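*Asks:* To kick things off, part of the complex as it is:
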Amino acid sequence: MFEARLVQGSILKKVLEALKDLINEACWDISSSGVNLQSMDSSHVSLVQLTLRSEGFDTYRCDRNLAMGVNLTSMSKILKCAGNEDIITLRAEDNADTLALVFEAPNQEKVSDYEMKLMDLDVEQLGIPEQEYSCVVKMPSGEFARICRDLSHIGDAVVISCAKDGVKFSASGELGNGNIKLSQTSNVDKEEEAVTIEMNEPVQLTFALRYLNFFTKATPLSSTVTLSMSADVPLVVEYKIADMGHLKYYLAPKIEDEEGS
């Protein structure tokens, strides 16, 4: 009876499509409060999170909590069936050895039911470090993805830096080096294109880039991103999903040798 009704079709299939190259197996605690994602990555260097609570759903029936597991590539290939306009529902049972998925067309004649033989998992869960975040970059994630993929062609790693003058996205490569600068929006009337960085302290820290590119594969679900960060903490590249839920990606800092020779 682990029921969930929801109007949209593109968002769930694309957020599960967002994990196609970073997670092959995860955990889905189907609870009365909702469903949640939390795991190591494949290389165990990052944290992923997707939150999806009950009041987003149209109807959402779930008496107990069950943490199921499925190959992401498998159901991702399965979830390329119905259109983006399709209205989706998923349920499970007490002996939910297989998932029970229905795609129903908007004109209500083309209805498809799907099942997947599942498998269990045992991956340790850790608490997310919750604290005050010094810098946040509330800038449209399409441009962020474009620029990070563009510098990925020349650079291999990135240097994040949000100081009092602005944000510096430095990236040294074997062929050449480059840096990205952005300041506050002042003449933009719309706030969806605006960037608003609350300012607490200047920072110079190093992170990975290809994992950041993998995180920026998931832009078209949101107009903008919050890049929440502090000193010597993993980055919080948060995408707003919808009123349905949200998601968090945590990329670990690169520990460069600060000591001299």
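*Replies:* Structure's in. What do you need? Residues are numbered from 1 along each chain as shown, chains lettered A, B, ... in the order given.

*Asks:* Spell out the secondary structure type for residue A:148.
*Replies:* Here residue A:148 takes the helix state, with states given by DSSP: H, G, I helix; E, B strand; the rest coil.

*Asks:* since we're on it, how many residues are nearby?
*Replies:* Counted with other Cβ atoms under 10 Å, residues neighbouring residue A:148 total 21. Every residue, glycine included, has its C-beta placed from N, CA and C.

*Asks:* thought residue A:162 was touching residue A:138?
*Replies:* No: taking contacts as Cβ atoms under 8 Å, residue A:162 lies outside contact range of residue A:138: 12.0 Å.

*Asks:* anything in contact with each of the two?
*Replies:* Common neighbours of residue A:162 and residue A:138, counting by Cβ atoms under 8 Å, 6 or more residues apart in numbering, are residue A:197.

*Asks:* Neighbour count: the two, which is higher?
*Replies:* Counted by other Cβ under 10 Å, residue A:162 and residue A:138 do not tie: residue A:162 has more neighbours, with 24 against 18.

*Asks:* Bridged to that one, which residues?
*Replies:* In this entry, residue A:162 is beta-bridged to residue A:167, by DSSP bridges.

*Asks:* so residue A:161 touches residue A:207, yeah?
*Replies:* No: if you go by Cβ under 8 Å, residue A:161 and residue A:207 don't touch, sitting 10.8 Å apart.

*Asks:* Can you report how many residues neighbour residue A:114?
*Replies:* Neighbour count of residue A:114, defined by other Cβ under 10 Å: 16.

*Asks:* and it, what is it in contact with?
*Replies:* Residue A:114 sits next to A:78, A:81, A:99-103 when contact means Cβ under 8 Å, 6+ apart.

*Asks:* Among those residues, name the buried ones.
*Replies:* Using 16 or more other Cβ atoms under 10 Å as the burial test, the contacts of residue A:114 include A:78, A:99-101, A:103 as buried.

*Asks:* Please list the members of the contacts of residue A:114 that lie in strands.
*Replies:* Residues of the contacts of residue A:114 located in strands (DSSP state E): A:99-103.

*Asks:* what's near enough to touch residue A:112?
*Replies:* If a contact means Cβ under 8 Å, 6+ apart, then residue A:112 has A:81-82, A:102-104 as its contacts.

*Asks:* Export the buried ones among the contacts of residue A:114 as CSV, with columns for distance to residue A:258.
*Replies:* Compiled in CSV, those are given as follows (distance: Cβ to Cβ, whole Å):
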residue, distance to residue A:258
A:78, 48
A:99, 48
A:100, 53
A:101, 50
A:103, 53
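
*Asks:* Extend the structure above with chain B:
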Amino acid sequence: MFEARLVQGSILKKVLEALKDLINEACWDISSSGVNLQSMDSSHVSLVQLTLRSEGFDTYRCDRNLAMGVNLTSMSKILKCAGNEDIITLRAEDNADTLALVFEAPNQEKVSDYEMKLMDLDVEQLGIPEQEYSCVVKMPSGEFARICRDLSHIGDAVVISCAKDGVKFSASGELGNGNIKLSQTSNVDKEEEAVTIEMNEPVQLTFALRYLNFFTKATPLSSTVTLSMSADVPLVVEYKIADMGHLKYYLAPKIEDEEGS
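*Replies:* Placed with the earlier chains, chain B looks like this:
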């Protein structure tokens, strides 16, 4: 002294490209009824049928009952040279060495001719059994082709049923099972989108999913698709290309071998 010109060059483009991945050497024949294609796969499974009306051509000058067996890969490569909205004519002779195709555009300037060399082979020809088939559906073309494309990876074997409820296609593999269910349409005026069924006896059969996948590339040939089948009977899916002619297709089903009891 054979001439055959048709205004809708695009429909010829798509019909000649959508016969690729099952046959390399077609059996094209020219007669008083028009030009007709009947070709069977190299892996001794399935048959395709194409017919064209004599009046389907704007001019159709059939001087003799000539059949030509020519290759198909280079035929489609020289075919795709044509633009989308360009008029096509086909020329052949009572005695020659090379098929002649001339491509002409509506701006009467982008005009091209081609010379395709003729080859010789010996091929088998199979009879067409016509009998009362159990069920005939009138399915939209894009929806059925979308079903063929999406159900392609749930497995490699699809079972298909017909009932008073409608038509159902169920396929499964090592990963899971998926079935699509279609009801009947009465509340829509556009019969191309609408689906209508007939029935004589219960149908519970199965067919090669992979060959239907490689065949289903003929989606926009007809705006709808009609099918016809029975038990241990040829699958007759057919794509009526207006008054030009129609495409048809024949498939080898699966039969359940008896076991000991």
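
*Asks:* now that chain B has been added, could you go back to the contacts of residue A:114?
*Replies:* Neighbouring residues of residue A:114 by Cβ atoms under 8 Å, 6 or more residues apart in numbering or on different chains: A:78, A:81, A:99-103, B:154, B:176-178.

*Asks:* Which residues of chain A lie near chain B?
*Replies:* For chain A, the contact set with chain B under Cβ under 8 Å from any Cβ of the partner chain comprises A:71, A:74, A:77-78, A:80-82, A:98, A:108-117.

*Asks:* One more pass at 7 Å, please.
*Replies:* Within chain A, the residues that sit near chain B (Cβ under 7 Å from any Cβ of the partner chain) are A:74, A:77-78, A:80-81, A:98, A:109-117.

*Asks:* Most widely separated two among those residues?
*Replies:* Largest separation among the residues of chain A next to chain B by Cβ to Cβ: A:109 and A:117, giving 28.6 Å.

*Asks:* Can you pick out the residue with more neighbours from the two?
*Replies:* Ranked by neighbour count (other Cβ atoms under 10 Å in any protein chain shown), residue A:109 and residue A:117 place residue A:109 first, with 20 against 14.

*Asks:* Quick check, the more buried one in contact with residue B:180.
*Replies:* No: judged on Cβ atoms under 7 Å, residue A:109 makes no contact with residue B:180 at a distance of 10.7 Å.

*Asks:* returning to that earlier point: return the member of the residues of chain A next to chain B nearest to residue A:168.
*Replies:* The nearest member of those to residue A:168, counting by Cβ to Cβ, is residue A:80 at 39.3 Å.

*Asks:* Excluding chain neighbours, give the residue nearest to that closest one in space.
*Replies:* Closest residue to residue A:80 apart from its sequence neighbours, by Cβ to Cβ, 6 or more residues apart in numbering or on different chains: residue B:150 at 6.6 Å.

*Asks:* Neighbours of the one you found, how many?
*Replies:* 20.

*Asks:* swap in residue A:177?
*Replies:* Residue neighbour count, defined by other Cβ under 10 Å, stands at 13 for residue A:177.

*Asks:* give me every residue that touches residue A:179.
*Replies:* Applying Cβ atoms under 7 Å, 6 or more residues apart in numbering or on different chains to residue A:179 gives the contacts A:168-171.

*Asks:* same deal with residue A:181?
*Replies:* Counted by Cβ under 7 Å, 6+ apart, residue A:181 has contacts A:166, A:168.

*Asks:* buried set for stretch A:184-203?
*Replies:* Under the neighbour-count criterion of 16 or more other Cβ atoms under 10 Å in any protein chain shown, stretch A:184-203 has A:185, A:194-195, A:197, A:203 buried.

*Asks:* Look at that stretch and report the distance between its end residues.
*Replies:* Distance across stretch A:184-203, first residue to last, is 17 Å (Cα to Cα, to the nearest Å).

*Asks:* next up, chain C:
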Amino acid sequence: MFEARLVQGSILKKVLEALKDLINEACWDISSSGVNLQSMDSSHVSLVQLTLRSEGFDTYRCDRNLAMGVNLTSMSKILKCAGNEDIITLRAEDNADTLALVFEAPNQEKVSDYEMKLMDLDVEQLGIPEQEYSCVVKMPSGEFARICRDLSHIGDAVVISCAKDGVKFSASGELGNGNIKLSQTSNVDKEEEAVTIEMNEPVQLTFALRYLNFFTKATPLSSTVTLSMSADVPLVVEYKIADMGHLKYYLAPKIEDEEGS
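*Replies:* Chain C, in position alongside the others:
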């Protein structure tokens, strides 16, 4: 030092995307008038002559006419960050050690800086002969690239047959042969799709297709390209944009193999 900056970010972006694969190394010999890009091609047959004048810029300041040069691959990699109307800005010094590439947004928010290690070359200055051309055609770009791609998969040696009416291309392929017909256009309103021909003498030259496919990568430069040639001389392809300059494409004619006689 050297400084220049222009608002149209698309122009040099597509220029570099055109010149990126055909030539690996070229010399950037800036002068008071501007820079001239001629490159001793690795093919050693298809010569290129690019001219660049200074009136098109918004700023143009330099101290010494350096005869410097860099690889086009790295230039393409660093201007792949550029978009369409982003303001392109470049800085340099009197010595050749590290360039500065600055991209400035049209909405005055996005900025960037990029740095590249330079290199020192030794290329003898090739001559650029100027003459009268017996046949010139102002060819619209799109369908010329279309017919290049048309005969690309079909043949490996295109003949040119420029006549009083127009120009004819034919070939001898393994699958067959064909021809495309060209003529003057008189009644067309849009001159970018109009084609006009200068003639003094019909010129027959056989040419490699996909080399011209490398040259036709400059299609977004303009809707219409200038194609000129004469007898017993390498052909010249002329691309023209704004009042920027001109690109000359000097491709030697491969003669018929005379060993058979």
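
*Asks:* once more on the neighbour count of residue A:114, with chain C this time?
*Replies:* Using other Cβ under 10 Å, residue A:114 has 23 neighbouring residues.

*Asks:* Find the helix or strand that it is a member of.
*Replies:* Using DSSP states H and E, residue A:114 maps to strand A:110-117.

*Asks:* next SSE after that strand?
*Replies:* Following strand A:110-117 in sequence order, the next helix or strand is strand A:138-139 (DSSP H and E).

*Asks:* Can you tell me what sits against that following strand?
*Replies:* Outside of strand A:138-139, the residues within contact range by Cβ under 7 Å, 6+ apart are A:182, A:195-196, A:224-226.

*Asks:* how does it look with 6 Å?
*Replies:* With Cβ atoms under 6 Å, 6 or more residues apart in numbering or on different chains as the test, strand A:138-139 has contacts from A:195-196, A:226.

*Asks:* can I get those residues in JSON lines with secondary structure?
*Replies:* What follows is the contacts of strand A:138-139, written out as JSON lines (three-state DSSP):
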{"residue": "A:195", "secondary structure": "coil"}
{"residue": "A:196", "secondary structure": "coil"}
{"residue": "A:226", "secondary structure": "strand"}
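
*Asks:* now these as CSV including distance to residue B:251?
*Replies:* Compiled in CSV, those are given as follows (distance: Cβ to Cβ, whole Å):
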residue, distance to residue B:251
A:195, 58
A:196, 61
A:226, 54
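
*Asks:* tell me which of these is nearest to chain C?
*Replies:* Ranked by distance to chain C (Cβ to the nearest Cβ), those are led by residue A:195 at 6.9 Å.

*Asks:* what's the nearest residue to the closest one if we skip its chain neighbours?
*Replies:* Using Cβ to Cβ, 6+ apart, the closest residue to residue A:195 is residue A:139 (3.9 Å).

*Asks:* That neighbour bridge partners, please.
*Replies:* Judged by DSSP bridges, the bridge partners of residue A:139 are residue A:225.

*Asks:* what separates the strand holding residue A:114 from the chain centre, distance-wise?
*Replies:* Centroid separation between strand A:110-117 and its chain, computed with Cα atoms, centre = their mean, to the nearest Å, is 26 Å.

*Asks:* That one pairs with which strands?
*Replies:* Paired with strand A:110-117 in the same sheet, following DSSP bridges, are strand A:98-104 (antiparallel), strand B:176-182 (antiparallel).

*Asks:* Convert the C-alpha atoms of the first one to PDB, please.
*Replies:* Taking only C-alpha atoms (Å, rounded to 0.1, in the frame of the first residue of the first chain), the coordinates of strand A:98-104 have been written out as PDB:
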ATOM      1  CA  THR A  98       9.300  -6.000  -6.800                       C
ATOM      2  CA  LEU A  99       8.200  -2.400  -7.300                       C
ATOM      3  CA  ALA A 100       4.700  -1.600  -8.700                       C
ATOM      4  CA  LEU A 101       4.800   1.300 -11.100                       C
ATOM      5  CA  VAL A 102       2.000   2.700 -13.300                       C
ATOM      6  CA  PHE A 103       2.400   5.200 -16.100                       C
ATOM      7  CA  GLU A 104      -1.100   6.600 -17.100                       C
END
